[PDB]
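Engineer: Please see the structure below; I have some questions.
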Amino acid sequence: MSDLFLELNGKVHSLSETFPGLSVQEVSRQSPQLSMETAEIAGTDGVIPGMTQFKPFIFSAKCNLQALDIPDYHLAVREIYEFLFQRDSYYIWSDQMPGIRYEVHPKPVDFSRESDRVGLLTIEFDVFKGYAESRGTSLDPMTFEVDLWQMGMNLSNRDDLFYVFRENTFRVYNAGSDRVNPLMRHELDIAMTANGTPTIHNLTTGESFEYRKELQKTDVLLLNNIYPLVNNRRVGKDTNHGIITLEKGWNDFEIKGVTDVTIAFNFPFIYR
Amino acid sequence: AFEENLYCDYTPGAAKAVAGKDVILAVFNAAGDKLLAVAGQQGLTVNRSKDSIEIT
């Protein structure tokens with residue numbers, strides 16, 4: 001059995017459950033739209049590729065609606081149109097792969113009336129970020145009872161994966177298919193509490209974030225995307241304005257200038 | 001038709017068949033007041049069909 005789940009206004013709605021007469025036949029996903037920024041020099045052969053990018057793509061769901069009678073059919077069509085089309089983008093996922101969700105916007109799709117009570121539909125959701133992300137962030141535990149993780153999410157079956165560290169040198173595993181960069185509108189949060197003047201170094205990437213003031217254990221330093229704060233107060237003037245990024249796989253992190261470090265990473269995995 | 005129906009089962013329970021000559025087609029005239037059976041009928045066929053929609 002196939003079904004489609006929609007996250008809207010903080011509520012999860014099953015498409016089949018919401019509309020009893022509507023059942024999802026099949027789901028499908030367009031392949032990533034790779035595009036190399038070609039540059040052509042006249043007289044030479046081929047192109048000089050720039051930086052490969054990914055265009056928005058389409059997630060499709062073929063379904064059918066079976067109503068009791070004609071007024072019921074029209075009412076169901078209107079209610080489905082009301083439910084699907086909202087002002088802002090929402091989230092969708094499928095039973096087949098319940099660990100991966102897409103932030104999407106609906107597309108105009110017309111009901112194909114086959115009989116007096118049945119109508120075929122092929123809903124298409126445009127995903128504009130160009131990638132899919134996990135339903136849960138890195139802060140969620142990798143436990144069975146959380147009911148969030150599934151197979152095929154590049155989870156390493158060779159070592160434990162935790163995202164809270166108590167020492168000055170450790171490794172963090174980004175399981176996504178893209179390098180997590182807040183400059184690319186990626187979600188990434190770091191919460192560190194320690195004593196002294198801190199400096200975070202990502203050795204594999206080679207990046208370094210530097211804060212130039214003394215810190216106490218009671219003050220939390222929070223880097224969200226491209227904003228560093230202490231106690232939710234912007235302190236960008238007192239930093240080196242550097243930002244760390246998470247490469248694919250393992251990243252070696254070293255923290256200098258502080259003691260009793262407690263650093264936590266909170267970011268979703270980027271799939272495609 | 002007797003002897004306790006030992007060998008002749010005369011009890012009517014079902015027709016078990018209908019002679020084709022018994023079923024005929026008639027039409028209503030232009031005024032619609034009288035039904036008229038078409039003269040000299042010899043073969044009648046009624047076809048009823050329903051479409052199928054694939055929801056695989």
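In the structure tokens, the first chain shown is A, the next is B, and so on; residue numbers restart at 1 for each chain, and ligands run from 1 in the order shown.
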Report as a ChimeraX atom specification the set of chain B residues whose atoms approach chain A to within 10 Å, with distances computed over only C-alpha atoms.

Structural biologist: /B:51-56

Engineer: Which polymer residues have any atom within 6 Å of an atom of segment 153-164 of chain A, counting only C-alpha atoms, with same-chain residues fewer than 2 positions away left out, as a ChimeraX atom specification?

Structural biologist: /A:151,175,263-265

Engineer: Save out the residues we just selected, N, CA, C and O atoms, as a short mmCIF file (atom, residue, chain, number, x, y, z; two decimals), in the first residue's frame.

Structural biologist:
```cif
data_model
loop_
_atom_site.label_atom_id
_atom_site.label_comp_id
_atom_site.auth_asym_id
_atom_site.auth_seq_id
_atom_site.Cartn_x
_atom_site.Cartn_y
_atom_site.Cartn_z
N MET A 151 16.58 2.71 6.16
CA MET A 151 17.73 2.28 5.39
C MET A 151 17.93 3.19 4.18
O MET A 151 17.00 3.85 3.70
N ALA A 175 26.40 12.72 7.01
CA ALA A 175 25.95 11.61 6.18
C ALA A 175 25.29 12.06 4.89
O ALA A 175 24.91 11.21 4.08
N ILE A 263 30.11 20.92 23.14
CA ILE A 263 29.73 21.42 21.82
C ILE A 263 28.76 20.43 21.19
O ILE A 263 29.00 19.22 21.20
N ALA A 264 27.66 20.95 20.64
CA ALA A 264 26.63 20.14 20.01
C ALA A 264 26.32 20.68 18.63
O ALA A 264 26.22 21.90 18.43
N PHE A 265 26.17 19.77 17.67
CA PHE A 265 25.85 20.08 16.29
C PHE A 265 24.40 19.70 16.00
O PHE A 265 23.97 18.60 16.37
#
```

Engineer: Calculate how many Å separate atom CA of residue 83 of chain A from atom CA of residue 267 of chain A, rounding to one decimal.

Structural biologist: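 Atom-to-atom, atom CA of residue 83 of chain A to atom CA of residue 267 of chain A, that is 29.9 Å.
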
Engineer: When you look at segment 53-59 of chain A with a cut-off of 9 Å (counting only C-alpha atoms), what residues show up, excluding the ones that are within fewer than 2 positions of it in the same chain? I need them as a tab-separated table (two decimals) with N, CA, C and O atoms, in the first residue's frame.

Structural biologist:
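Saved file out-v8.tsv follows:
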```tsv
chain	number	residue	atom	x	y	z
A	27	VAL	N	4.06	6.64	-6.52
A	27	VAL	CA	4.87	7.84	-6.36
A	27	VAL	C	6.12	7.70	-7.22
A	27	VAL	O	6.56	6.60	-7.55
A	28	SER	N	6.68	8.85	-7.59
A	28	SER	CA	7.88	8.88	-8.42
A	28	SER	C	8.59	10.20	-8.18
A	28	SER	O	7.99	11.18	-7.72
A	29	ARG	N	9.88	10.22	-8.52
A	29	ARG	CA	10.72	11.38	-8.25
A	29	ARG	C	11.64	11.61	-9.44
A	29	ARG	O	12.38	10.70	-9.83
A	30	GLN	N	11.59	12.81	-10.01
A	30	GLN	CA	12.48	13.17	-11.10
A	30	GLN	C	13.92	13.17	-10.62
A	30	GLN	O	14.22	13.54	-9.48
A	31	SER	N	14.83	12.75	-11.51
A	31	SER	CA	16.23	12.69	-11.16
A	31	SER	C	16.79	14.09	-10.92
A	31	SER	O	16.25	15.07	-11.42
A	32	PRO	N	17.86	14.20	-10.13
A	32	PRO	CA	18.47	15.52	-9.91
A	32	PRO	C	18.86	16.17	-11.22
A	32	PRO	O	19.44	15.54	-12.10
A	33	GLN	N	18.53	17.46	-11.34
A	33	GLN	CA	18.78	18.20	-12.57
A	33	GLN	C	20.15	18.85	-12.48
A	33	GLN	O	20.32	20.01	-12.11
A	34	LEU	N	21.17	18.05	-12.81
A	34	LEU	CA	22.53	18.54	-12.82
A	34	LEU	C	22.72	19.56	-13.94
A	34	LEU	O	22.19	19.38	-15.05
A	35	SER	N	23.47	20.61	-13.66
A	35	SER	CA	23.74	21.65	-14.65
A	35	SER	C	25.12	22.22	-14.37
A	35	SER	O	25.35	22.80	-13.31
A	36	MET	N	26.03	22.05	-15.33
A	36	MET	CA	27.36	22.63	-15.23
A	36	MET	C	27.37	24.00	-15.90
A	36	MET	O	26.86	24.15	-17.01
A	37	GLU	N	27.93	24.99	-15.21
A	37	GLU	CA	27.97	26.36	-15.72
A	37	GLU	C	29.02	26.43	-16.81
A	37	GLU	O	30.19	26.75	-16.56
A	51	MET	N	31.09	25.48	-11.80
A	51	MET	CA	30.74	24.73	-10.60
A	51	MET	C	29.39	24.06	-10.84
A	51	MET	O	28.41	24.73	-11.16
A	61	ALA	N	2.91	12.09	-7.94
A	61	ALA	CA	2.10	11.08	-7.26
A	61	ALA	C	0.85	10.85	-8.09
A	61	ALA	O	0.00	11.74	-8.20
A	102	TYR	N	10.61	16.25	1.48
A	102	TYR	CA	10.88	17.32	0.54
A	102	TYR	C	10.05	18.54	0.90
A	102	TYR	O	8.87	18.43	1.22
A	104	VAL	N	8.19	21.44	-0.65
A	104	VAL	CA	7.62	21.56	-1.98
A	104	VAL	C	6.53	22.62	-2.02
A	104	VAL	O	5.99	23.05	-0.99
A	123	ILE	N	-0.76	14.36	-9.18
A	123	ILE	CA	-0.29	15.55	-8.48
A	123	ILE	C	1.21	15.70	-8.69
A	123	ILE	O	1.96	14.71	-8.65
A	124	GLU	N	1.65	16.93	-8.92
A	124	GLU	CA	3.07	17.22	-9.10
A	124	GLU	C	3.47	18.32	-8.13
A	124	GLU	O	2.86	19.39	-8.12
A	125	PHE	N	4.49	18.05	-7.33
A	125	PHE	CA	5.02	19.01	-6.38
A	125	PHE	C	6.40	19.44	-6.85
A	125	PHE	O	7.29	18.59	-7.03
A	126	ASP	N	6.58	20.73	-7.05
A	126	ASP	CA	7.89	21.27	-7.39
A	126	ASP	C	8.69	21.45	-6.11
A	126	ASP	O	8.27	22.17	-5.20
A	127	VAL	N	9.83	20.76	-6.02
A	127	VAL	CA	10.79	20.98	-4.95
A	127	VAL	C	11.85	21.92	-5.50
A	127	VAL	O	12.52	21.61	-6.49
A	128	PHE	N	11.98	23.08	-4.85
A	128	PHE	CA	12.78	24.18	-5.37
A	128	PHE	C	14.17	24.26	-4.75
A	128	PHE	O	15.05	24.89	-5.34
A	129	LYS	N	14.37	23.66	-3.58
A	129	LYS	CA	15.70	23.65	-2.98
A	129	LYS	C	16.68	22.82	-3.79
A	129	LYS	O	17.90	22.97	-3.62
A	130	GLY	N	16.19	21.94	-4.66
A	130	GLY	CA	17.04	21.10	-5.47
A	130	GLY	C	17.55	19.86	-4.79
A	130	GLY	O	18.31	19.10	-5.40
A	131	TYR	N	17.16	19.62	-3.54
A	131	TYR	CA	17.64	18.46	-2.80
A	131	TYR	C	16.59	18.03	-1.80
A	131	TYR	O	15.66	18.78	-1.47
```

Engineer: As JSON, numbers by chain, which residues of segment 5-49 of chain B does DSSP assign to strand (DSSP E)?

Structural biologist: {"B": [26, 27, 28, 35, 36, 37]}

Engineer: I want to know what sits within 6 Å of segment 132-147 of chain A, based on only C-alpha atoms, with residues of the same chain fewer than 6 positions away left out; could you give that as a list in words?

Structural biologist: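 Listed by chain and then number, they are residues 99, 100, 101, 102, 266, 267, 268, 269, 270, 271 and 272 of chain A.
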
Engineer: At a cut-off of 9 Å, using only C-alpha atoms, what residues contact residue 166 of chain A? Leave out same-chain residues fewer than 6 positions from it and give the result as a PyMOL selection string.

Structural biologist: chain A and resi 260-263

Engineer: Given the selection you just returned, output its residues as a file containing N, CA, C and O atoms, formatted as a compact mmCIF listing (two decimals), in the first residue's frame.

Structural biologist:
```txt
# COMPACT_ATOMS: atom_id res chain seq x y z
N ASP A 260 36.81 22.38 29.49
CA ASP A 260 35.51 21.74 29.74
C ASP A 260 34.51 22.09 28.64
O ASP A 260 33.42 22.61 28.88
N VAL A 261 34.90 21.77 27.41
CA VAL A 261 34.11 22.12 26.24
C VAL A 261 32.89 21.21 26.14
O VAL A 261 32.99 19.99 26.34
N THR A 262 31.74 21.80 25.83
CA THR A 262 30.53 21.05 25.53
C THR A 262 29.94 21.63 24.25
O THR A 262 29.34 22.71 24.28
N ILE A 263 30.11 20.92 23.14
CA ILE A 263 29.73 21.42 21.82
C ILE A 263 28.76 20.43 21.19
O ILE A 263 29.00 19.22 21.20
```

Engineer: Write down as a ChimeraX atom specification the residues of segment 31-233 of chain A whose backbone DSSP state falls under alpha helix (DSSP H).

Structural biologist: /A:70-84

Engineer: One decimal, Å: what's the distance from atom CA of residue 207 of chain A over to atom CA of residue 228 of chain A, could you say?

Structural biologist: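 Separation of atom CA of residue 207 of chain A and atom CA of residue 228 of chain A: 15.4 Å.
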
Engineer: Do a neighbour search on residue 21 of chain B at 12 Å with only C-alpha atoms, toss out local chain neighbours closer than 5 positions, and write the hits as a PyMOL selection string.

Structural biologist: chain B and resi 40-44

Engineer: May I have the selected residues written with N, CA, C and O atoms, as an mmCIF file, in the first residue's frame?

Structural biologist:
```cif
data_model
loop_
_atom_site.group_PDB
_atom_site.id
_atom_site.type_symbol
_atom_site.label_atom_id
_atom_site.label_comp_id
_atom_site.auth_asym_id
_atom_site.auth_seq_id
_atom_site.Cartn_x
_atom_site.Cartn_y
_atom_site.Cartn_z
ATOM 1 N N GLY B 40 -42.835 -10.232 -38.129
ATOM 2 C CA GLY B 40 -41.893 -11.185 -38.695
ATOM 3 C C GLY B 40 -40.503 -11.150 -38.098
ATOM 4 O O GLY B 40 -39.515 -11.245 -38.836
ATOM 5 N N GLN B 41 -40.400 -11.015 -36.780
ATOM 6 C CA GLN B 41 -39.099 -11.093 -36.132
ATOM 7 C C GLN B 41 -38.563 -12.517 -36.188
ATOM 8 O O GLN B 41 -39.315 -13.487 -36.068
ATOM 9 N N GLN B 42 -37.251 -12.638 -36.376
ATOM 10 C CA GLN B 42 -36.591 -13.936 -36.375
ATOM 11 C C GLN B 42 -35.342 -13.994 -35.513
ATOM 12 O O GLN B 42 -34.943 -15.097 -35.122
ATOM 13 N N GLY B 43 -34.714 -12.864 -35.203
ATOM 14 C CA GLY B 43 -33.541 -12.852 -34.356
ATOM 15 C C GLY B 43 -33.410 -11.555 -33.587
ATOM 16 O O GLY B 43 -33.526 -10.469 -34.165
ATOM 17 N N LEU B 44 -33.163 -11.659 -32.284
ATOM 18 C CA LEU B 44 -33.067 -10.501 -31.409
ATOM 19 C C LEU B 44 -31.836 -10.634 -30.527
ATOM 20 O O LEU B 44 -31.569 -11.707 -29.980
#
```

Engineer: What lies within 9 Å of residue 195 of chain A using only C-alpha atoms, ignoring chain neighbours under 6 positions off, as a list in words?

Structural biologist: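 Everything that qualifies: residues 214, 215, 216, 217, 218, 219, 257, 258, 259, 260 and 261 of chain A.
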
Engineer: Which value, in Å to one decimal, gives the distance between atom CA of residue 224 of chain A and atom CA of residue 194 of chain A?

Structural biologist: 17.7 Å
